[PDB]
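The chain below stands alone and is given as structure tokens, in the form deposited in one PDB entry.
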């Protein structure tokens, strides 16, 4: 991969400079990988500040970026994300623009990986409170994103990260069994469609990572929803939380709760529960 960085626009390169990091602070370990490939080609990295203080990070290689249009899109994506600062939204540590090799994305290392795999792992013992807690953290990261007027487009348990402190980090912003009714038939995406996906995400949490709609095909989902059928209440899901889920799957997007309202409602439910193995 050889990208001509001189073909990039002067004004956009200037705008991206505050997001750029390079070999004077970042060591990429190209011989050691992270994960199975859902998040792409990801390597271990180490970022150092001016005094030599080391930070563990994940370095993603954008191997499909070939032309200057794609690099330009990538830059702006980096600009947008670098502004974001919330405990429940994954940080962008920086990006690398290189003359040789694919563009790179630098994120803080997430010890416990993604949320779906954490909750499916039978050696972990989250309580009902723990799972509600994880859902509450997702809602707050989504509340911040919605306040910044950003549409996620791919919200699901698999796309939320878990750090060493068990802080949930919403990620992969910027999957038909997760899509709102209106997204499936009009291809439109809004904060309200993110709300539907959050409902499915909550359902995944209470089932500890069960696959949604196991007995309906991906092409039969639209009609299933139009017949007024919904995901069944999980064994460990309390009735008030199941109500929240059903409200998230309202056929009319505008009647769905906002993330502000969801944080409020889930916060109330969460406090009624006792017993937690993973404290954030």
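Residue numbers count along the first chain shown, from 1. Take the two forms, superpose them, and find the largest set of C-alpha atoms that agree within 1.5 Å; that set is the rigid core.
- Deposited sequence between residue 174 and residue 175: 10 or more residues lack coordinates.
- Looking at mean Cα B-factors across 145-153 and 203-211, the upper value is held by 145-153.
- Taking the mean C-alpha B-factor of each stretch as recorded, 214-222 and 251-259 are not equal, and the higher mean is that of 214-222.
- The PDB entry gives the largest Cα B-factor of the residues 61, 233, 31, 66 to 66.
- Looking only at 159, 183, 197, 127, the residue with the top Cα B factor in the deposited structure is 183.
- In the PDB entry, a CA B factor belonging to the middle third of its chain's modelled residues is recorded for residue 192.
- Ranked within its chain, residue 45 lands in the lowest third, by CA B factor from the PDB record.
- When the CA B factors of the chain's modelled residues are split into thirds, the value for residue 123 lands in the highest one.
- Ranked by C-alpha B-factor against the other modelled residues of its chain, residue 229 falls in the middle third.
- In the PDB entry, residue 79 places in the middle third of its chain by CA B-factor.
A second form of this protein, the form deposited in another entry, is not displayed here; the remarks below concern that form.
- When both forms sit on the same rigid core, the CA shifts between the shown form and the other one reach 2 angstroms or more only at 37 out of 251, 240, 211, 37.
- Comparing the forms between the shown form and the other one on their rigid core, the Cα displacement of residue 133 stays under 2 Å.
- Residue displacement note: residue 78 has its CA displaced by at least 2 Å between the shown form and the other one (rigid core superposed).
- Compared with the form shown, the residue 204-residue 39 C-alpha separation increases in the other form, the change being 3 Å or greater.
- CA of residue 152 to CA of residue 78: closer by 3 Å or more in the other form than in the shown form.
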